[PDB]
Amino acid sequence: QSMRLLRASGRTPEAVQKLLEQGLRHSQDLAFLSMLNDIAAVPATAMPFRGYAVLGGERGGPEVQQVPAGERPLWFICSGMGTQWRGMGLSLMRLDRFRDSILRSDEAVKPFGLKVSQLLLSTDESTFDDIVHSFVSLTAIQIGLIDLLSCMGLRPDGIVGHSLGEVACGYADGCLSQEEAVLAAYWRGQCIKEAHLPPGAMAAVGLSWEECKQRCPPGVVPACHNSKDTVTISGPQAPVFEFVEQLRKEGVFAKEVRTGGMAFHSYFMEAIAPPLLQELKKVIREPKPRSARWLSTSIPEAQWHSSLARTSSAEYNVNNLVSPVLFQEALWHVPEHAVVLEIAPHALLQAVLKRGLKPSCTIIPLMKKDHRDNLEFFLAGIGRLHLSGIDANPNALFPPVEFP
């Protein structure tokens, strides 16, 4: 499985192009490429032009640009809202560190008879229609992506999650373990499955959160504060569709969100809190404290200096399911020149992230739903870190090659 990321640096664009050209004409010499990648670690101060190319496959045209001087902070965004699709991650399964993560996850769900790998390796179009399947798979993949990133020594300066994403976030913050985090996905899924709730629904709507609060029919609530003029509403299905229709009729923006007839982050879920709280309290014994890096979207800023806030307990994670997603409010804290990575099997939030952030923020997705080959895509993403001054050596992602 030849494909490699090559990164380059130099005091002139032409230096980098020439460099990339050489790697291209030595595509199959891994010892050589590994060397080139070690070389590229050079301050913009010294060598203000950086470039990259993914050798193997064809998103492989080179990218070169001038890097600006200085420190840029790295931010992890973990998506959650339904980023599932038939064949997630088989793409990335070629990276041993990734495959090893997922198998390590399988270990956590060996009981309950579920193989996340079997799930991903599956080929049934209905396979991810199951809530528990999706939930675990989503979180599995996020952990994998996190592990890939961490192997290149990438420590995030800030972490922000969205619904289920706050589980991944815990893992990223080193609050939850792989075992802990994966079961959190499982139980959250299982408790819901078992509940057999009425028919619910959710919808993205181009009103303000306040306007949403006011204009909302009874039983239908604002659920996710995605941006300043985008909010996902949530409640019993009948009225959710009725609302989205009236809204379209009057030229507001209004896109259904597939969620399996479910009203998440609403009173509906309140039913499932006590069972979930039970199970999770078993899984997260001696809960760990959350760091200042990890901004919470379940709890609002004002009650952050708080006990529920203090740690990522079963109490914290149950609250997440019930409480609304205060995402935009967290985004407000991401600084001006942040590099931001969407950690998710699909980059659903790219739109909202771009919208709720500034030209000087750089936003990098790591996977695209149904992409020809997500390794290429992910590698490209890693290339983009280079172009943005972040030091991330791809050599780490592949087997070593010393002494030819």
# chains A, B, ... in the order shown; residues from 1 in each chain; ligands from 1
>>> residues_around(residues="residue 146 of chain A", least_positions_apart="5", cutoff="9 Å", atoms="only C-alpha atoms", output="ChimeraX atom specification")
/A:141,151,168,171-172,343
>>> residues_around(residues="residue 161 of chain A", least_positions_apart="2", cutoff="8 Å", atoms="only C-alpha atoms", output="list in words")
residues 77, 78, 79, 80, 159, 163, 164, 165, 166, 167, 168, 169, 296, 297 and 327 of chain A
>>> write_last_selection(atoms="N, CA and C atoms", output="short mmCIF file (atom, residue, chain, number, x, y, z; two decimals), in the first residue's frame")
data_model
loop_
_atom_site.label_atom_id
_atom_site.label_comp_id
_atom_site.auth_asym_id
_atom_site.auth_seq_id
_atom_site.Cartn_x
_atom_site.Cartn_y
_atom_site.Cartn_z
N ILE A 77 -12.22 19.67 16.75
CA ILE A 77 -13.69 19.69 16.82
C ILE A 77 -14.16 18.27 16.60
N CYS A 78 -14.98 17.77 17.51
CA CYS A 78 -15.54 16.43 17.37
C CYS A 78 -17.02 16.55 17.08
N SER A 79 -17.38 16.12 15.88
CA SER A 79 -18.75 16.12 15.44
C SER A 79 -19.48 14.93 16.03
N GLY A 80 -20.81 14.96 15.97
CA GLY A 80 -21.65 13.86 16.49
C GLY A 80 -22.94 13.65 15.71
N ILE A 159 -10.27 21.93 22.70
CA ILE A 159 -11.14 20.86 22.24
C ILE A 159 -12.59 21.21 22.46
N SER A 163 -22.68 17.14 20.61
CA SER A 163 -23.41 16.00 21.16
C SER A 163 -22.46 14.84 21.46
N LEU A 164 -22.66 13.72 20.77
CA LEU A 164 -21.87 12.53 21.02
C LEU A 164 -20.38 12.84 20.95
N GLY A 165 -20.00 13.75 20.07
CA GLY A 165 -18.61 14.22 19.96
C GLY A 165 -17.93 14.53 21.29
N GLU A 166 -18.70 15.03 22.26
CA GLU A 166 -18.17 15.25 23.61
C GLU A 166 -17.63 13.98 24.27
N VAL A 167 -17.98 12.80 23.76
CA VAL A 167 -17.33 11.58 24.23
C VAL A 167 -15.90 11.53 23.70
N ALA A 168 -15.75 11.64 22.38
CA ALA A 168 -14.42 11.69 21.77
C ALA A 168 -13.60 12.73 22.51
N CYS A 169 -14.22 13.87 22.78
CA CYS A 169 -13.54 15.00 23.40
C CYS A 169 -12.88 14.57 24.67
N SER A 296 -16.86 22.96 27.22
CA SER A 296 -18.09 22.17 27.20
C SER A 296 -19.24 22.85 26.43
N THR A 297 -19.96 22.02 25.68
CA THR A 297 -21.09 22.43 24.89
C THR A 297 -22.40 21.94 25.49
N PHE A 327 -22.96 24.94 20.99
CA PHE A 327 -21.78 24.85 20.15
C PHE A 327 -21.27 26.23 19.80
#
>>> select_by_dssp(residues="segment 110-308 of chain A", states="strand (DSSP E)", output="VMD selection string")
chain A and resid 158 to 161 200 to 205 221 to 227 230 to 236 254 to 257 294 to 295
>>> select_by_dssp(residues="segment 61-254 of chain A", states="alpha helix (DSSP H)", output="ChimeraX atom specification")
/A:96-108,116-121,131-151,165-172,178-195,209-215,237-249
>>> residues_around(residues="segment 121-132 of chain A", least_positions_apart="5", cutoff="7 Å", atoms="only C-alpha atoms", output="compact mmCIF listing (two decimals) with N, CA, C and O atoms, in the first residue's frame")
# COMPACT_ATOMS: atom_id res chain seq x y z
N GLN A 84 -22.74 9.30 9.86
CA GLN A 84 -22.54 7.87 9.51
C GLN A 84 -22.75 7.61 8.01
O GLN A 84 -23.48 8.35 7.35
N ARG A 86 -22.23 4.13 4.76
CA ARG A 86 -21.89 2.73 4.46
C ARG A 86 -20.47 2.62 3.93
O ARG A 86 -20.21 2.94 2.77
N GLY A 87 -19.56 2.18 4.79
CA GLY A 87 -18.16 1.98 4.42
C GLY A 87 -17.17 2.95 5.06
O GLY A 87 -16.02 3.04 4.62
N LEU A 90 -12.95 1.98 6.15
CA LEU A 90 -12.26 0.89 5.45
C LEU A 90 -11.09 1.51 4.68
O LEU A 90 -9.98 1.01 4.73
N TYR A 186 -21.69 2.85 23.34
CA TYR A 186 -22.55 1.68 23.34
C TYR A 186 -23.83 1.89 24.17
O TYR A 186 -24.93 1.72 23.66
N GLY A 189 -26.32 4.37 23.02
CA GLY A 189 -27.07 3.72 21.95
C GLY A 189 -28.08 2.71 22.47
O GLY A 189 -29.25 2.71 22.04
N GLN A 190 -27.65 1.85 23.39
CA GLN A 190 -28.47 0.73 23.85
C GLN A 190 -29.68 1.21 24.64
O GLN A 190 -30.80 0.81 24.35
N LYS A 193 -32.20 2.50 22.21
CA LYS A 193 -32.81 1.36 21.51
C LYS A 193 -33.91 0.73 22.37
O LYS A 193 -35.08 0.65 21.95
>>> closest_residue(among="A:312, A:323, A:178, A:34", to="residue 139 of chain A", atoms="only C-alpha atoms")
A:178
>>> atom_distance(atom1="atom CA of residue 27 of chain A", atom2="atom CA of residue 393 of chain A")
17.2 Å
>>> closest_residue(among="A:32, A:76, A:403, A:98", to="residue 365 of chain A", atoms="only C-alpha atoms")
A:76
>>> closest_residue(among="A:391, A:233, A:51, A:315", to="residue 273 of chain A", atoms="only C-alpha atoms")
A:315
>>> closest_atom_pairs(of="segment 211-246 of chain A", to="segment 331-340 of chain A", cutoff="12 Å", atoms="only C-alpha atoms", output="tab-separated table")
residue	atom	partner	partner_atom	distance
A:225	CA	A:331	CA	10.5
A:226	CA	A:331	CA	9.3
A:227	CA	A:331	CA	8.8
A:228	CA	A:332	CA	10.5
>>> write_last_selection(atoms="N, CA and C atoms", output="PDB file, in the first residue's frame")
ATOM      1  N   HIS A 225     -27.392  24.946  19.097  1.00  0.00           N
ATOM      2  CA  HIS A 225     -27.023  26.274  18.678  1.00  0.00           C
ATOM      3  C   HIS A 225     -25.768  26.180  17.835  1.00  0.00           C
ATOM      4  N   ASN A 226     -25.962  25.867  16.556  1.00  0.00           N
ATOM      5  CA  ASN A 226     -24.857  25.632  15.652  1.00  0.00           C
ATOM      6  C   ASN A 226     -24.151  26.924  15.250  1.00  0.00           C
ATOM      7  N   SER A 227     -24.899  27.902  14.757  1.00  0.00           N
ATOM      8  CA  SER A 227     -24.335  29.233  14.473  1.00  0.00           C
ATOM      9  C   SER A 227     -25.274  30.298  15.005  1.00  0.00           C
ATOM     10  N   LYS A 228     -24.973  31.554  14.706  1.00  0.00           N
ATOM     11  CA  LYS A 228     -25.811  32.680  15.145  1.00  0.00           C
ATOM     12  C   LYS A 228     -27.165  32.728  14.434  1.00  0.00           C
TER      13      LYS A 228
END
>>> closest_residue(among="A:205, A:401, A:353, A:380", to="residue 63 of chain A", atoms="only C-alpha atoms")
A:380
>>> closest_residue(among="A:282, A:305, A:72, A:155", to="residue 362 of chain A", atoms="only C-alpha atoms")
A:72
>>> closest_residue(among="A:235, A:153, A:261, A:199", to="residue 395 of chain A", atoms="only C-alpha atoms")
A:153
>>> residues_around(residues="segment 39-42 of chain A", least_positions_apart="5", cutoff="8 Å", atoms="only C-alpha atoms", output="mmCIF file with N, CA and C atoms, in the first residue's frame")
data_model
loop_
_atom_site.group_PDB
_atom_site.id
_atom_site.type_symbol
_atom_site.label_atom_id
_atom_site.label_comp_id
_atom_site.auth_asym_id
_atom_site.auth_seq_id
_atom_site.Cartn_x
_atom_site.Cartn_y
_atom_site.Cartn_z
ATOM 1 N N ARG A 7 5.927 16.237 2.472
ATOM 2 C CA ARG A 7 5.897 17.651 2.817
ATOM 3 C C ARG A 7 7.258 18.261 2.508
ATOM 4 N N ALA A 8 7.258 19.529 2.138
ATOM 5 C CA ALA A 8 8.476 20.208 1.777
ATOM 6 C C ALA A 8 8.489 21.631 2.315
ATOM 7 N N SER A 9 9.692 22.199 2.410
ATOM 8 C CA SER A 9 9.882 23.560 2.884
ATOM 9 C C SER A 9 11.100 24.187 2.195
ATOM 10 N N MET A 47 12.600 29.254 6.404
ATOM 11 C CA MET A 47 12.090 28.822 5.110
ATOM 12 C C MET A 47 10.596 29.094 5.034
ATOM 13 N N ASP A 391 3.597 21.610 12.790
ATOM 14 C CA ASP A 391 4.608 20.586 12.581
ATOM 15 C C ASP A 391 3.995 19.201 12.764
#
>>> atom_distance(atom1="atom CA of residue 89 of chain A", atom2="atom CA of residue 52 of chain A")
23.2 Å
>>> residues_around(residues="segment 2-4 of chain A", least_positions_apart="3", cutoff="9 Å", atoms="only C-alpha atoms", output="ChimeraX atom specification")
/A:27-28,30,33,53-57,375-376,379,394-395,398
>>> write_last_selection(atoms="N, CA and C atoms", output="PDB file, in the first residue's frame")
ATOM      1  N   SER A  27       8.997   8.202  -6.055  1.00  0.00           N
ATOM      2  CA  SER A  27       7.766   7.814  -5.363  1.00  0.00           C
ATOM      3  C   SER A  27       7.911   6.535  -4.570  1.00  0.00           C
ATOM      4  N   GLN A  28       8.596   5.533  -5.127  1.00  0.00           N
ATOM      5  CA  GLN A  28       8.598   4.208  -4.510  1.00  0.00           C
ATOM      6  C   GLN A  28       9.756   3.959  -3.548  1.00  0.00           C
ATOM      7  N   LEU A  30      10.830   4.543  -0.073  1.00  0.00           N
ATOM      8  CA  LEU A  30      10.287   4.985   1.201  1.00  0.00           C
ATOM      9  C   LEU A  30      11.376   5.543   2.133  1.00  0.00           C
ATOM     10  N   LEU A  33      11.845   9.109   0.891  1.00  0.00           N
ATOM     11  CA  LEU A  33      10.730   9.956   1.278  1.00  0.00           C
ATOM     12  C   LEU A  33      10.751  10.283   2.773  1.00  0.00           C
ATOM     13  N   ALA A  53       2.495  17.057  -1.171  1.00  0.00           N
ATOM     14  CA  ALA A  53       1.903  16.262  -2.214  1.00  0.00           C
ATOM     15  C   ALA A  53       1.682  14.873  -1.654  1.00  0.00           C
ATOM     16  N   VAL A  54       0.546  14.287  -2.016  1.00  0.00           N
ATOM     17  CA  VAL A  54       0.223  12.917  -1.645  1.00  0.00           C
ATOM     18  C   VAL A  54       0.592  12.031  -2.821  1.00  0.00           C
ATOM     19  N   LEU A  55       1.710  11.318  -2.690  1.00  0.00           N
ATOM     20  CA  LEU A  55       2.217  10.465  -3.754  1.00  0.00           C
ATOM     21  C   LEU A  55       1.462   9.146  -3.694  1.00  0.00           C
ATOM     22  N   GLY A  56       1.004   8.663  -4.846  1.00  0.00           N
ATOM     23  CA  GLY A  56       0.010   7.572  -4.907  1.00  0.00           C
ATOM     24  C   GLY A  56      -1.375   8.185  -5.015  1.00  0.00           C
ATOM     25  N   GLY A  57      -2.222   7.630  -5.873  1.00  0.00           N
ATOM     26  CA  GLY A  57      -3.551   8.201  -6.122  1.00  0.00           C
ATOM     27  C   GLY A  57      -3.485   9.576  -6.772  1.00  0.00           C
ATOM     28  N   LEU A 375      -7.957   7.914   2.837  1.00  0.00           N
ATOM     29  CA  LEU A 375      -6.567   8.028   3.233  1.00  0.00           C
ATOM     30  C   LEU A 375      -5.964   9.202   2.491  1.00  0.00           C
ATOM     31  N   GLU A 376      -6.114   9.216   1.182  1.00  0.00           N
ATOM     32  CA  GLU A 376      -5.646  10.333   0.391  1.00  0.00           C
ATOM     33  C   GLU A 376      -6.130  11.634   0.999  1.00  0.00           C
ATOM     34  N   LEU A 379      -4.542  12.329   4.418  1.00  0.00           N
ATOM     35  CA  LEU A 379      -3.165  12.728   4.169  1.00  0.00           C
ATOM     36  C   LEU A 379      -3.101  14.163   3.648  1.00  0.00           C
ATOM     37  N   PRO A 394       4.409  13.019   8.743  1.00  0.00           N
ATOM     38  CA  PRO A 394       3.635  11.838   8.352  1.00  0.00           C
ATOM     39  C   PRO A 394       4.380  10.528   8.532  1.00  0.00           C
ATOM     40  N   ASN A 395       5.705  10.573   8.547  1.00  0.00           N
ATOM     41  CA  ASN A 395       6.477   9.341   8.711  1.00  0.00           C
ATOM     42  C   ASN A 395       5.880   8.476   9.839  1.00  0.00           C
ATOM     43  N   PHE A 398       3.287   5.650   9.227  1.00  0.00           N
ATOM     44  CA  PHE A 398       3.630   4.454   8.476  1.00  0.00           C
ATOM     45  C   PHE A 398       4.724   3.625   9.145  1.00  0.00           C
TER      46      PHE A 398
END
>>> residues_around(residues="segment 287-293 of chain A", least_positions_apart="6", cutoff="7 Å", atoms="only C-alpha atoms", output="list in words")
residues 157, 158, 159, 173, 175, 310, 311, 312 and 313 of chain A
>>> write_last_selection(atoms="N, CA, C and O atoms", output="compact mmCIF listing (two decimals), in the first residue's frame")
# COMPACT_ATOMS: atom_id res chain seq x y z
N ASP A 157 -4.57 22.55 21.52
CA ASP A 157 -4.61 23.67 22.45
C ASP A 157 -6.03 23.91 22.92
O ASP A 157 -6.23 24.53 23.96
N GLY A 158 -7.01 23.43 22.15
CA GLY A 158 -8.44 23.52 22.52
C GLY A 158 -9.25 22.36 21.96
O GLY A 158 -8.94 21.85 20.86
N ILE A 159 -10.27 21.93 22.70
CA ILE A 159 -11.14 20.86 22.24
C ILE A 159 -12.59 21.21 22.46
O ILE A 159 -12.98 21.65 23.55
N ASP A 173 -9.07 14.81 25.60
CA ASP A 173 -8.59 15.50 26.78
C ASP A 173 -7.88 14.56 27.75
O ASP A 173 -7.33 14.99 28.77
N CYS A 175 -9.49 12.33 29.55
CA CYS A 175 -10.39 12.17 30.67
C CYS A 175 -10.93 10.76 30.67
O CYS A 175 -10.89 10.06 31.69
N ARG A 310 -16.68 20.03 36.52
CA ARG A 310 -15.36 19.60 36.99
C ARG A 310 -14.79 18.35 36.31
O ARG A 310 -13.62 18.34 35.92
N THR A 311 -15.60 17.31 36.17
CA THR A 311 -15.11 16.02 35.68
C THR A 311 -16.00 15.53 34.54
O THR A 311 -17.11 16.04 34.36
N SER A 312 -15.51 14.54 33.78
CA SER A 312 -16.31 13.85 32.77
C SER A 312 -16.84 12.56 33.42
O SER A 312 -16.31 11.45 33.23
N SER A 313 -17.89 12.73 34.20
CA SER A 313 -18.55 11.66 34.92
C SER A 313 -19.66 11.05 34.07
O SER A 313 -19.90 11.51 32.94
>>> residues_around(residues="residue 222 of chain A", least_positions_apart="4", cutoff="8 Å", atoms="only C-alpha atoms", output="PDB file with C-alpha atoms, in the first residue's frame")
ATOM      1  CA  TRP A 209     -31.773  30.888  18.869  1.00  0.00           C
ATOM      2  CA  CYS A 212     -36.384  29.943  17.640  1.00  0.00           C
ATOM      3  CA  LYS A 213     -37.217  30.052  21.343  1.00  0.00           C
ATOM      4  CA  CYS A 216     -41.420  27.409  18.424  1.00  0.00           C
ATOM      5  CA  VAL A 231     -30.320  26.298  14.958  1.00  0.00           C
ATOM      6  CA  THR A 232     -31.371  22.681  15.001  1.00  0.00           C
ATOM      7  CA  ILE A 233     -34.836  22.272  16.539  1.00  0.00           C
ATOM      8  CA  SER A 234     -36.041  19.051  18.160  1.00  0.00           C
ATOM      9  CA  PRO A 324     -28.945  21.225  24.243  1.00  0.00           C
TER      10      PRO A 324
END
